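The chain below stands alone and is given as structure tokens, in the form deposited in one PDB entry.
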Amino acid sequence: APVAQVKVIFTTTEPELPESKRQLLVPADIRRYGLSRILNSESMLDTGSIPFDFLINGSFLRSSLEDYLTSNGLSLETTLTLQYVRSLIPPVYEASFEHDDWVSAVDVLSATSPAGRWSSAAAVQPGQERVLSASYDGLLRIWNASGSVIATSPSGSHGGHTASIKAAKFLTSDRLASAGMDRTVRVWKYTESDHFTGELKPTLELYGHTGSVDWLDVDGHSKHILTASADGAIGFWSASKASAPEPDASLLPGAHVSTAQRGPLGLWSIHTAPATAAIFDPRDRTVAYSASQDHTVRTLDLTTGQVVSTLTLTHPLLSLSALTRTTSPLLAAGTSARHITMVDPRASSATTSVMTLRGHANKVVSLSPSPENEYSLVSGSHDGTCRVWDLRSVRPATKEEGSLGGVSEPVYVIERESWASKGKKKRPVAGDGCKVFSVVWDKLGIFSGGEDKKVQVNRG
């Protein structure tokens, strides 16, 4: 007997399908399961068991096809264009790196990581990637594959940081950069005698900011550094002593007004509130984007040191991240109001066509894009969780925003394993013991550090 059917058109972003076989007659009662084995058929793509998900006009298919048809205004002889994607391999918990204090920052040195690629173009690495962890105790720590400390930064008494560190990233395998509450930015040189022993030695002490330096972006090719600080200023720095100007001696620990001490190439007070983020533009290093608690995203022309554009959102901004789409520039802005706002820097103000990422229950203070999917990214929040997003997933906004723009919901939630371990089914209030301060997404995995004194690793 001829079971009722639905006509579908398969399309995709991921390499694909011959146009001969992309339109298809399919049982109306079929589901994600059946549709993906059809895709895994001899006929279609001969992939044995790749799990697929299906997007219809921006929504994932959780039920049968007919249910989608009836849910909307389509008539069961409507032609459905299903775009299929790779099902997210769930990033489950794997390990934790224990610290004696809060983990403020996290970064990964891998073959695919930005610093690793810059390194190849000083050494390069095969199966021995490094994890950098900054802590509120003022010390940087370098970890390896089996979660043991290879290197540890010297204390403040020996040229290290003299206060809590707030941000730190790999410049290359050769060089690090870090910043904190001592108003300094410190450039380090990392040497590794053998693969369980390493050493960190200060290259520069960088002075300039009038407050805590809370955000850090780096470029390993040109040896340059971007900083956002509580003083409301964005700092542009060189990590080489040669091109770095002389400091404002009044900002020096000596004044009452060993390591070389230098200043910035540019320090611009462009915000009326704490500057929370500053990143290099992926397409153009000459351009930088900043985000602050003054509700603004500002674009910076680094060569002229001028604000060529200003975007003003509704809420304070605590984190910023750049995405490739280079069809356009696309930024993700974490807000204190618990949501993310997707923006195009030159809009001047958010149009009605603005995307929002909802799901977090607290301040979103960290962001990192997917290494393999351009459309995906992960966020770190003070709610204690990390949420993975797929920007292809989008629905209209409800009375939540009074039907303004579109809303995306997480495709995965990384819970804090420290909390989940207790077996309790009651969550910490206000991220009491589990706040996430920094998350980084590498192909080696998803690494997140925070208040629970742990760097949490998640991978498939």
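Quick note: we count residues from 1 along the sequence shown, nothing fancier.
Q: Does a third or more of the other compared entries skip modelling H256?
A: Affirmative; at least a third of those entries omit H256.
Q: For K422, does the count of other compared entries lacking it reach at least a third?
A: Result for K422: often missing, at least a third of the compared entries.
Q: In the deposited sequence, how many residues between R325 and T326 have no modelled coordinates (none, 1 to 3, 4 to 9, 10 or more)?
A: Count of unmodelled residues in between: 1 to 3.
Q: Count of coordinate-less deposited residues separating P15 and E16, as none, 1 to 3, 4 to 9, or 10 or more?
A: According to the record, 1 to 3 deposited residues lack coordinates from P15 to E16.
Q: What stretch has the higher average Cα B-factor here, 400 to 408 or 29 to 37?
A: Of 29 to 37 and 400 to 408, the stretch with the higher C-alpha B-factor average is 400 to 408.
Q: Looking at the deposited entry, does 200 to 208 or 70 to 78 carry the larger mean Cα B-factor?
A: For C-alpha atoms only, the mean B-factor is higher in 70 to 78.
Q: Based on what the PDB entry reports, which of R285, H339, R387, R298 has the top C-alpha B-factor?
A: Of the options given, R285 has the highest CA B-factor in the PDB entry.
Q: Quiz for you: based on the deposited Cα B-factor, which of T304, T184, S250, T162 is highest?
A: Across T304, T184, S250, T162, the entry lists the biggest C-alpha B-factor for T304.
Q: Once the chain's modelled residues are ordered by C-alpha B factor and cut into thirds, is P428 in the lowest, middle or highest one?
A: Middle third of the chain for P428's C-alpha B-factor.
Q: Place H271 in the lowest, middle or highest third of its chain's C-alpha B-factors, as listed in the PDB entry.
A: Within its chain, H271 is a lowest-third residue by C-alpha B-factor, going by the deposited values.
Q: Classify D107 as lowest, middle or highest third according to the C-alpha B-factor given in the PDB entry, relative to its own chain.
A: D107: CA B-factor falls in the lowest third of its chain.
Q: State the tercile, meaning the lowest, middle or highest third, of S178 with respect to the CA B-factors recorded for its chain.
A: CA B-factor rank for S178: middle third.
Q: Please say which third, lowest, middle or highest, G359 falls into when its CA temperature factor is compared across its chain.
A: According to the entry, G359 has a C-alpha B-factor in the chain's lowest third.
Beyond the structure shown, there is the form deposited in another entry, which is absent from this document and is the topic of what follows.
Q: For the rigid movement of one part against another between this form and the one not shown, which of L74, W419, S87, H339 sits at the hinge?
A: For the motion described, the hinge option is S87.
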